[PDB]
Amino acid sequence: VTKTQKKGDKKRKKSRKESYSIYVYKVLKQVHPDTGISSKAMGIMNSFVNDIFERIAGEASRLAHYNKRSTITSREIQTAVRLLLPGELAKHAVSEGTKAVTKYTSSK
Amino acid sequence: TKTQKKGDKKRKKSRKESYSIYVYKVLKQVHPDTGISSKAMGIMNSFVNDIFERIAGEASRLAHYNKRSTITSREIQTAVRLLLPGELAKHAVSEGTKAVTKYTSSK
Amino acid sequence: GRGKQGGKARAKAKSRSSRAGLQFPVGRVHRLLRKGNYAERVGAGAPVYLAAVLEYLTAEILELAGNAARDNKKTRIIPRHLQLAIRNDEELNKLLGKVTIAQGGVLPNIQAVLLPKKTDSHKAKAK
Amino acid sequence: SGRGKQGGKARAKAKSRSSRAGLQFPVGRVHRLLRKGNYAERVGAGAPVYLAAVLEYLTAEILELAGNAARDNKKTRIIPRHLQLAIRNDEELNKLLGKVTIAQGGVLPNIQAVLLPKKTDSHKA
Amino acid sequence: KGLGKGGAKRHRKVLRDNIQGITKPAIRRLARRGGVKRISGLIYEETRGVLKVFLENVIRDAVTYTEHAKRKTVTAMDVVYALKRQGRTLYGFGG
Amino acid sequence: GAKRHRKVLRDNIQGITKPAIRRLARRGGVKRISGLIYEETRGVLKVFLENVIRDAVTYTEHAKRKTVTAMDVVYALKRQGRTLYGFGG
Amino acid sequence: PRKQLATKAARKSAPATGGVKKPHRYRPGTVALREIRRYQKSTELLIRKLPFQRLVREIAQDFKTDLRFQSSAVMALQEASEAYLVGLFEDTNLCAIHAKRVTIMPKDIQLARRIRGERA
Amino acid sequence: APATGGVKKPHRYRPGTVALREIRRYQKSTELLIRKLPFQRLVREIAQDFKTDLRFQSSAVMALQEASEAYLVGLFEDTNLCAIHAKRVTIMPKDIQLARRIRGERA
DNA sequence: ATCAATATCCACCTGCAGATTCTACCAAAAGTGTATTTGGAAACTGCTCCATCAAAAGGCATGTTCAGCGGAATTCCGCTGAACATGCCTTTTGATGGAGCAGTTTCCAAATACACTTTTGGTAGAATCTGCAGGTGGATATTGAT
DNA sequence: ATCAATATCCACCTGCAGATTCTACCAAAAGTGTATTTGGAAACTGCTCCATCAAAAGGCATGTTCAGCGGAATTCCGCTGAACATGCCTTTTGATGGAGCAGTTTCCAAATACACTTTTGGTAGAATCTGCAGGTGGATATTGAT
Ligand SMILES: C[As](C)(=O)[O-]
Ligand SMILES: [Cl-]
Ligand SMILES: [Cl-]
Ligand SMILES: [K+]
Ligand SMILES: [K+]
Ligand SMILES: [K+]
Ligand SMILES: [K+]
Ligand SMILES: [K+]
Ligand SMILES: [K+]
Ligand SMILES: [K+]
Ligand SMILES: [Mn+2]
Ligand SMILES: [Mn+2]
Ligand SMILES: [Mn+2]
Ligand SMILES: [Mn+2]
Ligand SMILES: [Mn+2]
Ligand SMILES: [Mn+2]
Ligand SMILES: [Mn+2]
Ligand SMILES: [Mn+2]
Ligand SMILES: [Mn+2]
Ligand SMILES: [Mn+2]
Ligand SMILES: [Mn+2]
Ligand SMILES: [Mn+2]
Ligand SMILES: [Mn+2]
Ligand SMILES: [Mn+2]
Ligand SMILES: [Mn+2]
């Protein structure tokens, strides 16, 4: 008994929407261990990430077309980041992006 | 004769495409006795390239929002309505369905 | 007919542009849509459609630019003509609102308030 | 098939790309979002690693500032207002998001000086 | 257009003049958030007109995405895409 | 440190002369100009060129060239919301 | 024994010789400044919700009949509209002040919209 | 006038009259208003802070000059509207500033 | 009004910078026809969530009164820009080594495709937390009356 | 300068509606491993088209007015804020039918792919040719002084 809930259903479960949420949350606990976030502010963080994602990918896409290149590599992403972000935000993003690629490749 | 001298410099300049001949043909239909300077032709080129990217770009986004894999004349159409000012749109829409119709009705 | 053709008379051909009845290059518009990374696929009508729109906008500017040339007693359209045609057409101007036409200058236009006062010259009505 | 295995060992199984890159953000997802987004015929292996780093970084930058605005308002939970204050009070984030509106974010307190009351008196006011 | 059958349905009631629901106190409050201290009498009508144009333009595009999706329901995403193309990106509703 | 020599000094930005700025203003329909406008215009032009050139040079280095190209500029102008027709693209 | 035994909405002495009450009145601009600090400090939408929704249904309807709306679509429109009006009022305010005025007028809104290219 | 200028001799157009003539002359034409070389020099100097030892295709400088002048002429138009708004006919720095704040080039 | 001065327009002229037109080739498209694959309409349907209807009530809109003080009209003067007379110097025009942009061949490191496994994030719905909204309640600030 | 009057600040208090917390459970990513292809970095280099410079050329730096603009100061009128009475419609809570999103599975009209054939647009010269800039000259509108 109890193995089920009488269901007798006709599929149609969900669809599953992804979001950067658990990741926005991991990064938040790191800079502010005791701070939480409202689902509406998460809503906004989610929009930001999608937004910046498309700006960089887009700029990366154009850069490559302008150069008759058919592949987007870390190097295109890098100059997209320099074209898109201002002053200091760019310096640090570049350095952290470079750092992650180096560590990622020092790996098997 | 036909120079078969490999010394006459076998350079080979990567060729650039442009819409000049087509812009010129159209000019000839609307104003048969009118010319256009090369500078003016550069502007019209810029123009065509720009409208082309604005429309493709919009059609692209349109198909993505709709989880579709192909860009059809339908997307090109919604893009046009989103992009052009009122009458320009009506006419461009009319011109567009017209060329597609003529096209299909002639295999 | 019923019992004709027996040798050579028919081949095969016809450019897409010609079939669509267009001056602009359908084939190329198609190649450009595929090379552009706009979508995985591109239906056959999209390049037709896109091509006609580009042609049509091109004739609209050319037509007006042509007139501006004629108005200045010029036979050859220059950038100034493209700018005069564009900026004087309400819609074209809207579409090209964040575009600058190299060597086009601007529409002659002086704010009312900056004109000299008193009165004006030239027998503006009399005998 | 089933529960799985009495695994959870520690020595030679798979290693996520994020972990490999020292990131919290998901490298595999960014890579997938890149190939599906029609950006280029091809996406190199480093592309998403680098992009995930920049995205994680920027959200780190914004969360740091917003968390502080929360603290300045004596709150524990970041709400949209906090995100706004942090974005508008930072020149770079403000320029990066100059054309963005944060729903429920309001604006920054800011009154043009000529609007402030002139110390009583007569003369002008 | 589907919606409309008569009998069991209809008599939607005519919508008109709703621009007047943007009341003077509402416009005043908006001005305050905008840092405005003093408001001329004609501002209210001017503001309704500018709001109307802003909304026509955004709804016009949002509605075009709806129709294109073959939907009859305008979605938060339709409005969001409309906003993005009009240069007014909005965070908070599915961006 | 060279190329300008004696008789003349003046930084390059001062090469954007009062008469030229005045001409620009005239095309802009401006009838009367206060003295302080000239320096104000130079700083503005300077900001405009930095923003544009910076981006064009970013396109140059990415293409690994030593020469800023018209296309580099045109793409930069497009990025800055200053689309320019007539120079390629 | 409570005969409204309140100390006083005032206090002490007895200079109640005269017959002058004169109710309190804020000077013009004080409540307005007060409202600016109040509204610049909060985020809630300022246009009433139902009326706004009707405005949206009326404009939409004029474009296409039979449309439905998710409620978040309407909320999206309002957050965008109010963010836009507040932004325009800030520019309008700078136009008025530029004019050595403190009162925003239609022409200040027009000037700000022309400069924003909404009128170009 | 004739005054005692170049050994007597009259004629002086009133303040403004030539300004208006200049406006008509310049809105009627298209050439660049800044001298080429100085412009070039400023451009190379600014570029030098981003990457040393660069060369410039002559057309890149030209596009930059074309883009810069169309920008200033346009800015001067808005600046002129801000002066007039304030009942002046003389553009001042606060007018360029106001136009830039409202254009969002801001700060 | 009336002239003197100077800017402006228009009609005509003609050299040459920039079109334009004619071979000649050619490889890079563009078209054709021939499998093979597959997006994405239908069609059918469960299941959100959108539209409506109700009903109560107090937050807030409306309309009014009154008068402070801001906007705008006016006058007036001091100062700051416009106009102007030209020699002087920087820019313009037009050849000329040589830096690189741009062809072109090469060949691997790295991308793609695909078969298979293994790990994870999303979701569901029931708990069970908890910040903090919003309801006080006294400091202490600010404003407006003298 | 007080110093009434009212606004407002800042801490405290504590339910409850959002938030953080699971215990599945799964499909669906995401990571393995192994072939197969290939994008483009690297190297080499020819030939544009840059940077540099001498004469030529023609714009601008300068100093002296003085016209006329901007902005101070003064002055009222009447617009617009503050306050207040009144009462309505928006908000809130909540239930309910059913429109119409949004899964799912069934397919073929249309798209991808390839392979081979046919054509065209781009390039190079080459030799003309041609619109119109810029130069002349006379007339004539415009501006400014009298
Ligand atoms: C919405 As209507 C009444 O204007 O059609
Ligand atoms: Cl199609
Ligand atoms: Cl890579
Ligand atoms: K081929
Ligand atoms: K006053
Ligand atoms: K005043
Ligand atoms: K002076
Ligand atoms: K001066
Ligand atoms: K390898
Ligand atoms: K039901
Ligand atoms: Mn007279
Ligand atoms: Mn399928
Ligand atoms: Mn009432
Ligand atoms: Mn070399
Ligand atoms: Mn898990
Ligand atoms: Mn509270
Ligand atoms: Mn005092
Ligand atoms: Mn709850
Ligand atoms: Mn290859
Ligand atoms: Mn004056
Ligand atoms: Mn149904
Ligand atoms: Mn040919
Ligand atoms: Mn040729
Ligand atoms: Mn001429
Ligand atoms: Mn003459």
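Chain naming here is simple, since letters A, B, ... match the order of the sequence lines and numbering starts at 1 in each.
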May I ask you to verify whether the side chain of A:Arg12 and the base of J:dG103 hold a donor-acceptor pair under 3.5 Å?
->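 Such a pair exists between side chain and base.
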Polar pair under 3.5 Å, donor/acceptor by atom type, side chain H:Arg12, base I:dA83 =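 Side chain to base: pair found, below 3.5 Å.
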With respect to the phosphate group of [N], does any side-chain polar atom (N or O) of [X] fall under 4.0 Å of OP1 or OP2?
X	N	result
C:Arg28	J:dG122	yes
B:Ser69	I:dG39	no
H:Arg14	J:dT143	no
H:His11	J:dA145	no
B:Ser38	I:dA19	yes
A:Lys11	J:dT105	yes

Between [options], which nucleotide has the shortest distance from any of its atoms to the side chain of [X]?
X	options	value
E:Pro25	I:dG40, I:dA61, J:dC132	I:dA61
F:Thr17	J:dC60, J:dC69, J:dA30	J:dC60
F:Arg65	I:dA83, I:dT91, I:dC101	I:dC101
B:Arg15	I:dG122, I:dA51, I:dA28	I:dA28
F:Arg23	J:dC60, I:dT92, J:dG81	J:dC60
H:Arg44	J:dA51, I:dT38, J:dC50	J:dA51
G:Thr30	I:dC101, J:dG71, I:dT143	I:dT143
G:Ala10	J:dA5, I:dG100, J:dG100	J:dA5

With side chain to side chain donor-acceptor pair (under 3.5 Å) as the test, would you mind laying out the steps for C:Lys14 and C:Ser18 before giving the verdict?
-> CA-CA 6 Å; C:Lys14 270 188 291 174; C:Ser18 64; over 6 Å; no
Just how far, in rounded Å, is [atom2] of [N] from [atom1] of [X]?
X	N	atom1	atom2	value
A:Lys17	J:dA28	NZ	P	16 Å
F:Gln14	J:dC60	CD	P	14 Å
G:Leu46	I:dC60	CG	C1'	13 Å
F:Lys66	I:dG100	NZ	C1'	8 Å
G:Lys22	I:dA67	NZ	P	8 Å
G:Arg34	J:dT8	CZ	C1'	9 Å
G:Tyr26	I:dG68	OH	P	18 Å
E:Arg38	I:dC69	CZ	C1'	8 Å

Need the pair for [N]. Rule: Watson-Crick or G-U wobble, both distances under 3.5 Å, any strand; none if unpaired.
N	result
I:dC129	J:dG18
J:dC114	I:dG33
J:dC10	I:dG137
I:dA83	J:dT64
I:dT106	J:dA41
J:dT96	I:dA51
I:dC76	J:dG71
I:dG122	J:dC25

Report the C-alpha separation of E:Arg38 and G:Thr103 in whole Å, then their side-chain angles, then the decisive distance to 0.1 Å, and conclude whether the side chain to side chain donor-acceptor pair (under 3.5 Å) test is met.
-> CA-CA 4 Å; E:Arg38 215 184 173 252; G:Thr103 299; 2.8 Å; yes
Could you give the distance separating [M] and [N] at their [atom1] atoms, to the nearest angstrom?
N	M	atom1	answer
J:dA124	I:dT104	P	11 Å
I:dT64	I:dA141	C1'	33 Å
I:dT105	I:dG33	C1'	35 Å

More 5' along DNA chain J: D:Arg77 or D:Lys74, using each one's nearest nucleotide?
-> D:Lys74
Taking for each residue the nucleotide of DNA chain J bearing the nearest heavy atom, is the 5' side occupied by D:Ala14 or by B:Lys9?
->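 First, find each residue's nearest nucleotide; the 5'-ward one identifies D:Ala14.
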Please figure out whether H:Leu20 or C:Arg31 has its closest DNA chain I nucleotide nearer the 5' end.
->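 Residue closer to the 5' terminus by nearest nucleotide: C:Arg31.
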DNA chain I nearest-nucleotide lookup for B:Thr34 and F:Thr69: closer to the 5′ end is B:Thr34
Adjacent-base stacking, I:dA85/I:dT86, criteria 5.5 angstrom and 30 degrees =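 Stacking between I:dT86 and I:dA85 is absent - centres under 5.5 Å, planes under 30° not both met.
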Can we say F:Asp72 and F:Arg65 salt-bridge, meaning some charged N sits less than 4.0 Å from an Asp/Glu carboxylate O?
-> no
Are H:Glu22 and F:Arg22 ion-paired here, with the side-chain N under 4.0 Å from a carboxylate O?
-> no
Counting only heavy atoms not in H:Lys36, do more than 12 fall under 6.0 Å of its NZ?
->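 12 or below, so no.
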Above 12 or not: heavy atoms from other molecules or residues under 6.0 Å from NZ of B:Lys107?
-> yes
Looking at B:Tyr22, is C:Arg28 sitting on its ring face, NZ or CZ under 6.0 Å from the six-membered ring centre and within 45 degrees of the normal?
-> no
